[PDB]
Amino acid sequence: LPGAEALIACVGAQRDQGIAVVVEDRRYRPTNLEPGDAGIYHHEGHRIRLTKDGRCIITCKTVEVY
Amino acid sequence: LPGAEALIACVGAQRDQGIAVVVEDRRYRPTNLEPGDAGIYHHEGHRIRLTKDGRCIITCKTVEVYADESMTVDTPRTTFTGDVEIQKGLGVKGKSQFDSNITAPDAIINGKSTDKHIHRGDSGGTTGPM
Amino acid sequence: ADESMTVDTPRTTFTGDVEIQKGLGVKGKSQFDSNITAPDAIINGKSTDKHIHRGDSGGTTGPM
Ligand SMILES: [Fe+3]
């Protein structure tokens with residue numbers, strides 16, 4: 001979304017050829033998680049989280065397989 | 001986890017404002033995959049992998065979906081290979097076929113309640129129910 | 001999955017054939033909409049396909 005903080009890494013030190021490598025959104029980030037986690041999120045909940053003891057939690061609203 | 005190798009990229013060449021862009025954990029990385037594979041993992045198995053011939057494999061231990069309204073499957077065929085413990089009302093619009101003894105309090109057939117039905121015997125009288 | 005799979009959804013549709021390969025269980029009014037087929041239908045403990053009524057003249061009727 002607009003307002004995210006990007007890290008622009010200029011190529012060959014020109015201020016052109018600017019390439020954005022990472023775009024973080026600190027306002028909508030999951031916090032206070034267990035030591036080992038890895039998932040995918042959205043800016044309102046919607047977490048496909050992999051938790052410590054073999055738990056593939058899928059927190060959404062209306063999941064639609066196709 | 002602690003011990004991962006990060007690539008610190010200082011901003012403005014200062015050794016301050018140091019920002020970590022990537023943090024790889026070479027000890028817990030999936031290896032020996034097919035040419036085109038994209039997925040998400042965890043440091044003990046737990047691979048949600050998308051592989052060559054249209055296969056979205058989900059290797060985990062105890063998957064727990066959490067929906068708030070409904071869940072549409074939308075698949076022409078689905079198998080289960082295991083017990084199913086549907087905790088509320090079922091509904092089928094097709095010729096369901098079972099292959100073992102079914103159990104129920106009573107089986108309302110065409111509006112006529114089994115376990116209480118009485119036939120009309122030969123000599124014009126209600127046959128005892130059973 | 002190695003252990004179990006919990007859906008935890010108030011409503012779920014399937015739109016297609018289901019081929020559950022082991023025991024089923026429903027704790028609610030399971031309403032069907034077509035002919036069901038089974039070897040026998042044990043109703044309230046009384047085994048259908050072998051039940052015998054008590055006829056008018058004080059005798060067992062037929063197994064059907
Ligand atoms: Fe009968």
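What residue, among those in region C:15-37 that are touching an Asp or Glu at 6+ places or on another chain (Cβ under 8 Å) and not hydroxyl-bearing (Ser, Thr, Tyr), is nearest to B:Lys93 (Cα to Cα)? Looking at the filtered set, the residue picked out is C:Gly16.
Residue check: is B:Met71 within 16 Å of the ligand (Cβ to nearest atom) and hydrophobic (A, V, I, L, M, F, W, C)?
Working: within 16 Å of the ligand (Cβ to nearest atom): no; hydrophobic (A, V, I, L, M, F, W, C): yes.
For B:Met71, the condition - within 16 Å of the ligand (Cβ to nearest atom) and hydrophobic (A, V, I, L, M, F, W, C) - is not met.
Of all residues in region B:101-130, those that are over 14 Å from C:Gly25 (Cα atoms) and in a strand (DSSP E or B) total 7.
Do you know which residues across region C:46-64 are among the hydroxyl-bearing types (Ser, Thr, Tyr) and more than 12 Å from the ligand (Cβ to nearest atom)? Break it down stepwise before answering.
First pass over region C:46-64, keeping only residues among the hydroxyl-bearing types (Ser, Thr, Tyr): C:47-48, C:57, C:60-61.
The answer is C:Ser57, C:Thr60.
Would you mind stating whether C:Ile43 is within 16 Å of the ligand (Cβ to nearest atom) and within 13 Å of the chain's Cα centre (by Cα)? Yes.
Residues of region A:49-62 that are within 10 Å of B:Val65 (Cβ to Cβ) and in contact with a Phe, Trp or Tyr (Cβ under 9 Å, 6 or more places away or on another chain): A:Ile57, A:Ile58, A:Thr59, A:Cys60.
Mind checking whether some residue in region B:103-118 is within 24 Å of A:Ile58 (Cα to Cα) and either of a type in the set (A, V, I, L, M) or within 16 Å of the ligand (Cβ to nearest atom) (or both)?
If we filter region B:103-118 for residues that are within 24 Å of A:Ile58 (Cα to Cα), which is where we start, we get none.
No, region B:103-118 contains no residue that is within 24 Å of A:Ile58 (Cα to Cα) and either of a type in the set (A, V, I, L, M) or within 16 Å of the ligand (Cβ to nearest atom) (or both).
Selection of first residues in region B:109-122 that are within 13 Å of C:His51 (Cα to Cα) and more than 7 Å from chain C (Cβ to nearest Cβ) and of second residues that are part of a loop (DSSP other than H, G, I, E, B) and within 12 Å of the ligand (Cβ to nearest atom), restricted to Cβ pairs under 7 Å at least 6 apart or on distinct chains, gives the following pairs, ordered by first then second residue: B:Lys116/B:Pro129; B:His117/B:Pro129; B:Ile118/B:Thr127; B:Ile118/B:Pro129.
Pairs meeting the criteria (first residue in region B:1-27 and within 22 Å of A:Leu33 (Cα to Cα), second residue loosely packed, with under 10 Cβ neighbours inside 10 Å, beta carbons under 8 Å, at least 6 apart or on different chains) are B:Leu1/A:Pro35; B:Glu5/B:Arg26; B:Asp25/B:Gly3; B:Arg27/B:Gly3.
Do you know which residues across region B:73-88 are out of contact with any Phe, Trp or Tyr (no Cβ under 8 Å at 6 or more places or on another chain) and either assigned to a loop (DSSP other than H, G, I, E, B) or among the β-branched types (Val, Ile, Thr) (or both)? Steps first, answer last, please.
Keep residues of region B:73-88 that are out of contact with any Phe, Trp or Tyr (no Cβ under 8 Å at 6 or more places or on another chain), which gives B:76-77, B:79-88.
Correct list: B:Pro76, B:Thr79, B:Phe80, B:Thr81, B:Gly82, B:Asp83, B:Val84, B:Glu85, B:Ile86, B:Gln87, B:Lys88.
For region B:93-100, the criterion of being part of a strand (DSSP E or B), facing chain C (nearest Cβ under 7 Å) and more than 16 Å from the ligand (Cβ to nearest atom) is met by at least one residue.
Any read-out appearing in this document is the output of simple, stated calculations on the displayed coordinates, not a laboratory observation. For neighbour counting, all protein chains shown are included, and Cβ atoms are generated from backbone atoms with ideal geometry for every residue, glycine included.
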